[PDB]
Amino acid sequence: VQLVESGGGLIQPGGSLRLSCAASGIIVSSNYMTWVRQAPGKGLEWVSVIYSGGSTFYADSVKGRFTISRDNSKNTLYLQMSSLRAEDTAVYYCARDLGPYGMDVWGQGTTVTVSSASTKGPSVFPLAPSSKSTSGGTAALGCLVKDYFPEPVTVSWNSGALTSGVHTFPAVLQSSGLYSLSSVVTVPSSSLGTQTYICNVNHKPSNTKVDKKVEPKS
């Protein structure tokens, strides 16, 4: 008994997308079926339901744009998304509503990203260790992975040889719809003169791999 969700990716602002919820053990034709979305850190938002009789109710932020449908044959639940905007960029779930008994069966989610787009490789810049980043014989250095799209980016240090004291921060979305993140590492300041620190940056969507060495600037 599960709910498998699929059919979501990059869509332009204004286009349309259709999500699908393939049921198992549950008949979408005889339950209340639910769609909720969840933006990063902004929590659970209900979208719409289809009754076991055809009645479809919507959230006033999706009315006119989202349409629920149902295929008894393929036992699949669909959500048609239209006139999409950036505010719909979230993880979309299908659950089953049991009224006063809760929402017991949930799907896994499908990520839907809506953006002006232009898939783009990053520009890795070094965060140089200096006296402004040394204290107690431990220095801070890192890479700045700026102006890339879409996610994710994977960052390592010395091809996995250096893992202790590393912090790869979550990406942030800029005004220009492009992403930026940073990864740092804390090393003993004595080691600045002997060890070679190189950040390893991969961005599979654009097939970009960049190895950038970080040395203290004179």
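One-based numbering along the sequence shown.
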Going by the B-factors listed in the PDB entry, is the mean over the C-alpha atoms higher for 186 to 194 or for 53 to 61?
186 to 194
Take the C-alpha B-factors listed in the entry for 23 to 31 and for 169 to 177, compute each mean, and give the stretch with the larger one.
23 to 31
What third of its chain's C-alpha B-factors does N202 belong to: lowest, middle or highest?
highest
Cα B factor band for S123 (lowest, middle or highest third within the chain)
middle
Select lowest, middle or highest to describe the third in which the CA B-factor of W46 falls within its chain in this entry.
lowest
Using only modelled residues of the chain, where does the Cα B factor of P100 rank: lowest third, middle third or highest third?
lowest
Can you work out whether the C-alpha temperature factor of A140 puts it in the lowest, middle or highest third of the chain?
lowest
